[PDB]
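Source file: protein.cif. Holds: mmCIF, C-alpha atoms.
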data_run
#
loop_
_atom_site.label_atom_id
_atom_site.label_comp_id
_atom_site.auth_asym_id
_atom_site.auth_seq_id
_atom_site.Cartn_x
_atom_site.Cartn_y
_atom_site.Cartn_z
CA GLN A 1 -22.01 97.89 -29.49
CA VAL A 2 -24.73 95.28 -29.96
CA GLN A 3 -27.31 94.99 -32.74
CA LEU A 4 -30.07 92.76 -34.12
CA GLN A 5 -30.88 91.95 -37.75
CA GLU A 6 -33.69 89.95 -39.36
CA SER A 7 -34.17 87.88 -42.51
CA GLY A 8 -37.15 86.43 -44.35
CA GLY A 9 -39.65 88.72 -42.67
CA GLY A 10 -42.25 90.16 -44.99
CA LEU A 11 -45.74 89.79 -46.39
CA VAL A 12 -47.51 86.46 -45.94
CA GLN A 13 -51.16 85.59 -46.53
CA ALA A 14 -53.02 83.91 -43.68
CA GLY A 15 -52.43 80.18 -43.38
CA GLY A 16 -48.88 80.57 -44.63
CA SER A 17 -46.06 79.84 -42.20
CA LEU A 18 -43.26 82.41 -42.16
CA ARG A 19 -39.69 81.69 -41.06
CA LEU A 20 -37.66 84.49 -39.48
CA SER A 21 -33.95 84.29 -38.69
CA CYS A 22 -32.62 86.97 -36.34
CA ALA A 23 -28.90 87.20 -35.64
CA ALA A 24 -27.09 88.88 -32.75
CA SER A 25 -23.43 89.88 -32.49
CA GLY A 26 -21.55 92.18 -30.14
CA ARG A 27 -20.80 91.43 -26.50
CA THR A 28 -23.01 89.66 -23.96
CA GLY A 29 -22.43 86.64 -21.74
CA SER A 30 -24.23 87.23 -18.44
CA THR A 31 -28.01 86.78 -18.49
CA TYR A 32 -28.87 88.11 -21.94
CA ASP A 33 -31.54 86.60 -24.19
CA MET A 34 -33.13 86.87 -27.64
CA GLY A 35 -36.79 87.35 -28.49
CA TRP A 36 -39.04 88.78 -31.18
CA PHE A 37 -41.38 91.67 -30.58
CA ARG A 38 -44.19 93.53 -32.35
CA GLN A 39 -45.85 96.95 -32.56
CA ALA A 40 -48.79 98.69 -34.22
CA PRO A 41 -49.74 102.34 -34.98
CA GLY A 42 -51.41 104.26 -32.19
CA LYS A 43 -50.55 101.29 -29.99
CA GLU A 44 -47.67 100.27 -27.72
CA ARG A 45 -44.90 97.69 -28.09
CA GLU A 46 -45.37 94.04 -27.14
CA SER A 47 -43.28 90.87 -27.27
CA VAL A 48 -43.86 87.49 -28.86
CA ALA A 49 -41.16 84.91 -28.11
CA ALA A 50 -37.79 85.07 -26.35
CA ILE A 51 -35.13 82.55 -25.37
CA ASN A 52 -32.88 82.60 -22.30
CA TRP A 53 -29.14 82.05 -22.24
CA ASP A 54 -28.36 79.21 -19.83
CA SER A 55 -30.59 76.12 -19.74
CA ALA A 56 -34.26 76.73 -19.00
CA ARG A 57 -36.59 77.34 -21.94
CA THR A 58 -38.23 79.97 -24.16
CA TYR A 59 -40.65 82.79 -23.37
CA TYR A 60 -43.82 82.93 -25.48
CA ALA A 61 -46.80 85.27 -25.14
CA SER A 62 -50.53 84.53 -24.94
CA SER A 63 -50.96 86.04 -28.40
CA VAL A 64 -49.52 83.20 -30.47
CA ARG A 65 -48.27 80.69 -27.91
CA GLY A 66 -49.18 77.53 -29.72
CA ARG A 67 -48.88 78.43 -33.39
CA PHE A 68 -45.50 80.19 -33.57
CA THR A 69 -42.30 78.14 -33.36
CA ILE A 70 -38.91 79.17 -31.98
CA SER A 71 -35.44 77.65 -32.30
CA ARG A 72 -31.73 78.50 -32.44
CA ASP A 73 -28.76 77.88 -34.75
CA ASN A 74 -26.61 76.31 -32.03
CA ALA A 75 -23.48 77.31 -33.95
CA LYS A 76 -22.72 80.99 -33.34
CA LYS A 77 -25.68 82.98 -32.02
CA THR A 78 -28.82 83.10 -34.16
CA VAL A 79 -32.52 82.64 -33.43
CA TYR A 80 -35.28 81.42 -35.74
CA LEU A 81 -39.04 81.66 -35.27
CA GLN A 82 -41.52 79.92 -37.55
CA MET A 83 -44.76 81.90 -37.49
CA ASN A 84 -47.23 79.26 -38.65
CA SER A 85 -51.04 79.44 -38.82
CA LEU A 86 -50.73 83.22 -39.09
CA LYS A 87 -53.74 85.49 -38.62
CA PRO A 88 -54.93 89.06 -39.41
CA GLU A 89 -53.98 89.98 -35.85
CA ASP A 90 -50.28 89.20 -36.26
CA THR A 91 -49.97 91.83 -39.00
CA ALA A 92 -47.49 94.23 -37.39
CA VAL A 93 -43.88 95.39 -37.18
CA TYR A 94 -41.92 92.39 -35.92
CA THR A 95 -38.84 93.81 -34.23
CA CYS A 96 -36.14 91.46 -32.96
CA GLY A 97 -34.60 92.32 -29.61
CA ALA A 98 -32.44 91.09 -26.75
CA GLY A 99 -32.23 91.45 -22.99
CA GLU A 100 -29.68 91.99 -20.25
CA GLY A 101 -29.80 91.58 -16.48
CA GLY A 102 -33.42 90.53 -16.91
CA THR A 103 -34.49 93.55 -18.95
CA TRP A 104 -34.97 94.10 -22.69
CA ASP A 105 -33.27 97.25 -23.99
CA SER A 106 -31.95 95.70 -27.21
CA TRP A 107 -33.71 95.95 -30.57
CA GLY A 108 -33.00 95.35 -34.24
CA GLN A 109 -34.16 96.92 -37.50
CA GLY A 110 -37.64 95.42 -37.53
CA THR A 111 -39.70 93.49 -40.06
CA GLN A 112 -43.32 94.26 -40.93
CA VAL A 113 -45.59 91.25 -41.39
CA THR A 114 -48.64 91.59 -43.63
CA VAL A 115 -51.41 88.99 -43.39
CA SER A 116 -55.14 88.81 -44.16
CA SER A 117 -57.16 85.58 -44.24
#

Whole structure given in structure tokens:
Amino acid sequence: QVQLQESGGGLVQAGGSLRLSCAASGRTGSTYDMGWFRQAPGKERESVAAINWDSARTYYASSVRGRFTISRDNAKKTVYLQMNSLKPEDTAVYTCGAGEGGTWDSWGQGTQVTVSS
């Protein structure tokens, strides 16, 4: 019943900030949240940044916590993350997801990010 789409995601040479806008629509008003994720071949899935739904803060990871920005639309239900000062390590499939009851079993279509240096 719920889904997650992205926009803007794509190739971006190192040093170039990328702005992603993920939108969520369906049914959720308990303890759900919205955060971006990533994944590589032969590897597992990891997260990047996620926001809670109440009044606390965001949830960044020690992989880009200091260079990547995160914000919301504050109109309907959309999240935006500005991946600045990118690096050749960020190059991966950025999949937008959501959580419920404290877990994260919601994902979108995904957006591959290609960097270099």

For the file shown, what are the residues hit by the PyMOL selection byres ((chain A and resi 58-62) around 12), laid out as a ChimeraX atom specification?
/A:33-38,46-57,63-72,79,81

Could you spell out the hits of the PyMOL selection byres ((chain A and resi 41) around 12) on the shown file, as a list in words?
residues 38, 39, 40, 42, 43, 44, 45, 91, 92, 93 and 112 of chain A

Check which residues satisfy the PyMOL selection byres ((chain A and resi 101) around 9) in the file shown, then give them as a PDB file with C-alpha atoms, in the frame of the given file.
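Dumped to part-v8.pdb:
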ATOM      1  CA  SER A  30     -24.230  87.230 -18.440  1.00  0.00           C
ATOM      2  CA  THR A  31     -28.010  86.780 -18.490  1.00  0.00           C
ATOM      3  CA  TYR A  32     -28.870  88.110 -21.940  1.00  0.00           C
ATOM      4  CA  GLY A  99     -32.230  91.450 -22.990  1.00  0.00           C
ATOM      5  CA  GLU A 100     -29.680  91.990 -20.250  1.00  0.00           C
ATOM      6  CA  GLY A 102     -33.420  90.530 -16.910  1.00  0.00           C
ATOM      7  CA  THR A 103     -34.490  93.550 -18.950  1.00  0.00           C
ATOM      8  CA  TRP A 104     -34.970  94.100 -22.690  1.00  0.00           C
TER       9      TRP A 104
END

Which residue out of A:5, A:111, A:84, A:78 has the minimum interatomic distance to residue 19 in chain A when only C-alpha atoms are used?
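Checking each candidate against residue 19 in chain A, we get A:84 as the closest.
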
Provide the CA of residue 97 in chain A to CA of residue 75 in chain A distance in Å, to one decimal place.
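Pair CA of residue 97 in chain A / CA of residue 75 in chain A returns 19.2 Å.
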
Just want the 9 Å neighbourhood of residue 12 in chain A, counted on only C-alpha atoms, with same-chain residues fewer than 4 positions away dropped. Output as a list in words.
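What passes the distance filter is residues 16, 17, 18, 86, 113, 114, 115 and 116 of chain A.
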
Save the residues we just selected, C-alpha atoms, as a JSON list (two decimals), in the frame of the given file?
[["chain", "number", "residue", "atom", "x", "y", "z"],
["A", 16, "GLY", "CA", -48.88, 80.57, -44.63],
["A", 17, "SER", "CA", -46.06, 79.84, -42.20],
["A", 18, "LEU", "CA", -43.26, 82.41, -42.16],
["A", 86, "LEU", "CA", -50.73, 83.22, -39.09],
["A", 113, "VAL", "CA", -45.59, 91.25, -41.39],
["A", 114, "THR", "CA", -48.64, 91.59, -43.63],
["A", 115, "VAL", "CA", -51.41, 88.99, -43.39],
["A", 116, "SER", "CA", -55.14, 88.81, -44.16]]

Pairwise distance, CA of residue 7 in chain A with CA of residue 106 in chain A, equals 17.3 Å

Go through A:13, A:1, A:28, A:21 one by one, measure the shortest atom-to-atom distance of each to residue 94 in chain A using only C-alpha atoms, and give the residue with the smallest value.
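Among the listed residues, A:21 lies closest to residue 94 in chain A.
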
Rounded to one decimal, what separation in Å do you get between CA of residue 14 in chain A and CA of residue 107 in chain A?
26.3 Å

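Among the candidates A:89, A:95, A:117, A:23, the residue lying nearest to residue 73 in chain A is A:23 (atoms considered: only C-alpha atoms).
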